[PDB]
């Protein structure tokens, strides 16, 4: 399943060699935050281009479900991230690393994956007065070629579009490599 996506990344994510696929990975993650906004629960999304070749998407919604199936021992979060608008489990499969942090019901929950494989169970890392979901991922360098770094203007252009197609949601884009910041929101 996650092996199929790794074998033929182009089918799922788009071209792996000119940066189209690389940027679609961001948009896949954002679409879920936008859905949480369409359901009324998320007011703001923050997309950050980090200086270590990762992007993070943070929403202020209800947070991804964190409960465990008792007999299976697997959290809803882990199901969401590992099982097959191509979906976030594809992003996970094509990331050398992905970090999920969930603020929900007063607790911070966290899980790390490498190439889609979880490294430990979902775990509580603190308390919080907020809710939301944060996904931060480092794209796989076995998968992506030529364009292996995120490009501000490709995300800016698309995140503006999404801002105006889903009127009311605030989308912020931040680039840690040069301090560039933008704010997209339409009345």
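Residue numbers count along the first chain shown, from 1. So that the term is clear: the rigid core is the largest set of C-alpha atoms that superpose within 1.5 Å between two forms.
#### Entry: RMS CA shift, core-fitted in 6 other deposited structures of this protein, bigger for 89-97 or for 69-77
Relative to the shown form, the greater RMS C-alpha distance in 6 other deposited structures of this protein belongs to 69-77.
### Task
Select one of none, 1 to 3, 4 to 9, or 10 or more to describe the deposited residues without coordinates separating residue 117 and residue 118.
Nothing is missing.
### Mean C-alpha B-factor comparison - 8-16 and 170-178, higher one
Mean C-alpha B-factor is greater for 8-16.
### Message
Averaging CA B factors per stretch from the PDB record, which one is higher: 55-63 or 37-45?
### Response
Going by the record's values, the stretch with the higher mean is 37-45.
### Query
If you compare 112, 102, 76, 83, which has the highest Cα B-factor in the entry?
Result of the comparison over 112, 102, 76, 83: 83.
#### Entry: Third of chain Cα B-factors occupied by residue 130
Residue 130: CA B-factor falls in the middle third of its chain.
### Task
Place residue 151 in the lowest, middle or highest third of its chain's C-alpha B-factors, as listed in the PDB entry.
Middle third - that is where residue 151 ends up once the chain's C-alpha B-factors are sorted.
### Message
Where does the C-alpha B-factor of residue 136 rank in its chain, lowest, middle or highest third?
### Response
Ranked within chain, residue 136 CA B lands in the lowest tercile.
### Query
Taking the entry's C-alpha B-factors for this chain, is residue 88 in the lowest, middle or highest third?
For residue 88, the deposited C-alpha B-factor lands in the highest third.
### Task
Please rank the C-alpha B-factors of the chain's modelled residues and tell me whether residue 160 sits in the lowest, middle or highest third.
Middle third - that is where residue 160 ends up once the chain's C-alpha B-factors are sorted.
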